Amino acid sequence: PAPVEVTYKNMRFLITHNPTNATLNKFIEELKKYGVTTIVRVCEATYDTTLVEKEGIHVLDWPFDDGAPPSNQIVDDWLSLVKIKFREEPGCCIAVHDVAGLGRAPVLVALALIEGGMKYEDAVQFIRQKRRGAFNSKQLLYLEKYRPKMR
């Protein structure tokens, strides 16, 4: 596929794919083309994250189960992360990436704009506009039964 930018209320994210080691310089071109300063990975390591940090953007490897919802610890770490980085540098952008960007990563973005005020149906229809077929049943269940906190 290809990366997608999502913006709501000074929040901006880049749902993306897992690159290979040769694609990664054009990748960083695209990461800076949307101004992302940190990237959080949910798939498994198929490359090395020292050059992406040498180009200025920090890498956080938080893997959880493929096709499955995130645990509540990953959720709170994630919300605290968006808070910290978006008041450190507002208008900036933080990237999340699955294998192609069609499950876990969009789920995280989903929780971010659902805690940011946008409703459940409005958020899901906001994401699948931007990339078709984004969520599967096990993740629909979570995003449906998730309780917001106005964080």
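A residue's number is simply how far along the shown sequence it sits, counting from 1.
- With 85-93 and 43-51 compared on mean CA B-factor from the PDB entry, the stretch scoring higher is 43-51.
- For the pair 28-36 and 102-110, the mean Cα B-factor is higher in 28-36.
- Among the modelled residues of the chain, residue 11 sits in the middle third by CA temperature factor in this PDB entry.
- When the modelled residues of the chain are ordered by their C-alpha B factor, residue 134 lands in the lowest third.
- For residue 143, the recorded CA temperature factor ranks within the middle third of the chain's modelled residues.
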